[PDB]
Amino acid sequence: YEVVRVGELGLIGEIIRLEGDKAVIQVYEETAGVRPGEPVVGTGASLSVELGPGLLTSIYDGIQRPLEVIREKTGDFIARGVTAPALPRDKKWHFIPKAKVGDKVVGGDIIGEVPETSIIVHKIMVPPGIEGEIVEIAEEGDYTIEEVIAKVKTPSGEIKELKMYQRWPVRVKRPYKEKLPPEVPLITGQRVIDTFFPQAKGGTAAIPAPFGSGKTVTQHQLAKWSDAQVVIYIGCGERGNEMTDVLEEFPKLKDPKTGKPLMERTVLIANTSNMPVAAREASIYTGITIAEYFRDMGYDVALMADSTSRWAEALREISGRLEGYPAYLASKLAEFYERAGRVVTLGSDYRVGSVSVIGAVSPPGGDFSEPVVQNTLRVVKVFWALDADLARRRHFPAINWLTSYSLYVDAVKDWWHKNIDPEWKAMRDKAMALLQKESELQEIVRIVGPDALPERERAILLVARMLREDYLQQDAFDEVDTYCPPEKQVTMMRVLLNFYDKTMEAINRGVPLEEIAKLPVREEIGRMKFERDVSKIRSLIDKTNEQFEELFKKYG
């Protein structure tokens, strides 16, 4: 029977995988009445989630139960899911009709709006699989969630009652018209990511995060700055005290785009050591379903996971197929990541939404082993490799620029070219080439020393250092450098690559490198990340050109 008293698992009778509470079984595999077994009843209903006004600001567990006890013993802020309505049946929501009696609707059609928080307008949609005519629609006014707000007559004549919320099975991906090819970058405002290791809207990203590599900071930067309207965050149980910081500090966190509380565009799914192992398995399906629901409205959603240890827990089996553990994890994680994407949503109007997945992978269990690695190597398209040595050298964000990668560079380049700068791809490739040349040089120098370096090679190291310090390094704590707009990124890059071109030109005309290193403009370039006016940054190109001219006219 295994872990039973406070669990959720429901495979003890005859048929395969099922789940429930107090042996009251919900469906994933087909049921056949009162199952031959123990006291077990059955509901016919599936492992599902409730989707409507009430999701935002809320903290749930892996099956969308709101979290209870603040504290009971010396353990402050230790919580689990209490059996209660996922959406407050108590509160009145302001409904605004966007459809009229007589209108033809299909699944995904928006029939009303509800201002949920001061940030997010909740779009009231027709549930998937419901078609027909609005024969009845609520007027503008305040309604609780159970109140019928519209009636639809299907083509059969069957009358369907629509509320402000809908239900969806957590293990079935919410349908859409078309999954669009990766195309539009999810702009993080972090230079090293947007430039060298871009995330696409609808893309899949992992963050390998060894202890003490600035993971929390990076995660926070991504959550608050990425141009997704809604964040679905899964974790808060990786550190023993993580739940306390989340319960105490999360309502204090600000969305810097609006000034309003960040919690007003966020939904939290908490996984902890006290919670049943089954409410941690289903957790990522609960999260992605809720993410899918918001993209169906036309929002870009960021699904962020930082729940490696509590999620990675194992469970024993005896029967024949047990087909392996590294394959039990491989089919599971793939079907999760498979649900990421930018889509043409359901609805009569042309509409687009996305779920971008950013999954933290930080194992305190030794190394990045098979329980995390090459079961994903195909499916995750971007890796931001946090590096403890880089953190020790105080290079922040501590993203290793040699072991990180994105397979979205070619997918997003046209967006950058068309909207921001026609030379974006040429410039990042050039900058990367320089960083890779630097890396090769540093290794040769380690072996043989820097004494016999020619001017040209010294120049390359000089400019690579400027790239690392003036561009790759970014200050999350600074009021200006905490976010770098696309136009600032390309302009800083131009400044730097122009300085490179002029440096190599100068060496090639007999100018000594010491003269180039002491150039006044160099140190202004060192501070351009702190400048908010992009035209002042841009002016450094002409300033660079002119100071190099003075060097040329005194030499040749």
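The first residue of the shown sequence is 1; numbering continues from there.
Unmodelled residues of the deposited sequence between neighbouring positions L322 and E323 number 4 to 9. The stretch 247-255 shows the higher mean C-alpha B-factor when 247-255 is compared against 169-177 in the entry. For the segment pair 398-406 and 263-271, the entry gives 263-271 the higher mean B-factor, averaged over Cα atoms.
Residues shown: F77, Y285, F383, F294. Highest C-alpha temperature factor in the entry: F77. Considering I318, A223, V343, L346 together, the PDB entry gives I318 the largest C-alpha B factor. Among the modelled residues of the chain, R509 sits in the middle third by CA temperature factor in this PDB entry. Ranked against the other modelled residues of its chain, the C-alpha B-factor of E242 as given in the entry falls in the highest third.
In the deposited entry, the Cα temperature factor of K518 sits in the middle third of values across the chain's modelled residues. When the modelled residues of the chain are ordered by their C-alpha B factor, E335 lands in the highest third. The deposited CA B-factor of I119 belongs to the middle third of values across its chain.
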